[PDB]
């Protein structure tokens, strides 16, 4: 084993590092090391740094995300030297991940027969918040009423998102390394009952949400290998694995590695909606019969990204990279209803739904560059003159917002500005009065409200509670600085509570059980 410019090693050293890479590093550094979360670790870059620089970085780690492998004792001094050597060599082809490997990683910590037949705690589960602790590598269960952290669960290092099972009993979390952990909220102390790994890199997970199929199936989509898997919603046992490799929608030529951009459970039929990126296809995977799977392939647009349901939960509004068009998927009739041409490039996400006084039910989406927000009619039944058209456009504080949120019981539309260049703006949120949209938004000083007075204090993601009278926001501040969660009374737009705890390490995503379980947005 010799690559063109750094440390010759060999085969009982290469394959060892290789194993560790795909199992412990690819989650953030990319399967081919082109990078994702972490920076790219290609040869040219790694060589210039030199063996020593590399070992220091791996052992100690950076406070901006990179774990410390030596200090934590996760890896050995000898192993860290192999990795430093390994990353300087040409990147090999990533391994496949089939049934043997999935079953290998499948572990049931608590058999279904040994789980509580009912809810063994006093927790108000529906108003619980599953807050992601980005750098701490875990999730925090926060009581929506007592406003205190109820339980801290260790997930992994690349904790990405949380999802709920249709019964409201199971908390599902996935990592960017394709590891999934199942949590039973009915135990004395809510805990992990099962886990499994479905690939090398992943971003999606969802449960069966069609009536009658509560807790029947759990699906997860990967970046690598190009595939998605359906597991038993009760034990996480891997049932079927499907490849997303195939022909593109535009050029209709073969594509060797299409990534699963997003997944969403359908309400119209017993099926999962899978967005495949490079091929531009929205797959409808029917799970009425898992032994003999039925899949409908809906051509949309190239480079599919994320999306969300319209108010009725029938039309899936989806964005595409480098495209000002929102592909509308009819999940009932299983077809492409439209390619709505909004102004600029829509920012990938669930979006926000509300009833515009003048236009009826609309679905909105923000624009990263100028902070504007596009509205689209989503009621062809009673408002056909507006259905599937950019009906209007709002204006926020400015650039770089990551989330927008509203609620059926609320009269406000909250929109952040996390990545705005102006520090002041990135520390606040805009609140739109849906009753008077001709008015300018109001600016809520979220960061000023906890109290922290240090760093960037980035403010991210508005999330309501079960009722719809409270709105929570995370107040970032990296590992060793101090973080908090701010709560506002939606009816009064006044501060209501500030959550602090030495355990609230870099809180980001917040998932209210009920609102996640029922797709309320």
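Numbering follows the first chain given and starts at 1.
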Mean Cα B-factor check, 466-474 vs 49-57, entry values; winner is 49-57
Comparing mean C-alpha B factor in the record for 211-219 and 113-121, the higher one is 113-121
From 358, 325, 347, 277, the top C-alpha temperature factor is at 358
The residue of 384, 95, 168, 371 with the maximal C-alpha B-factor according to the PDB record is 384
Chain thirds by Cα B factor, record data; residue 27 belongs to the lowest
For residue 82, the third of its chain by CA B-factor is the highest
Residue 157: CA B-factor among chain residues, third -> highest
Chain thirds by Cα B factor, record data; residue 403 belongs to the lowest
Of the three thirds of the chain ranked by Cα temperature factor, residue 452 occupies the highest
